[PDB]
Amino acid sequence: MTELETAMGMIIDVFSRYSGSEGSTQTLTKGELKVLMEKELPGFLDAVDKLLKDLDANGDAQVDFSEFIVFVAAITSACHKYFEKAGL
């Protein structure tokens, strides 16, 4: 497994660890999202419900994997853009 394939497997791993405690095992409810954020993105965040509403693209009140990975990408892109600029 390459470094990049491992990173991709790791995001999927993270998602699956929190999406199975209630409702669909393929999505995050507001409660599951609250736990995923405090455990995986501590300090990033009222806030949890607004986050869910921001990420929910199809209006089912849950965060599925597509919605979640778009969020992970955005955060990662913001980090990379910041050090790119600190760079001069």
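In case it trips you up, residue 1 is the first one in the sequence shown, and so on.
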As the entry stands, the deposited residues without coordinates between residue 45 and residue 46 add up to 4 to 9
Quick one: say whether 4 to 12 or 78 to 86 has the higher mean Cα B-factor in the deposited entry. 78 to 86
Between 68 to 76 and 16 to 24, the record assigns the higher mean Cα B factor to 16 to 24
Using the temperature factors of the C-alpha atoms in this entry, rank residue 63 within its chain: lowest, middle or highest third. lowest
Where does the C-alpha B-factor of residue 57 rank in its chain, lowest, middle or highest third? highest
Residue 50 by Cα B-factor - lowest, middle or highest third of the modelled chain: highest
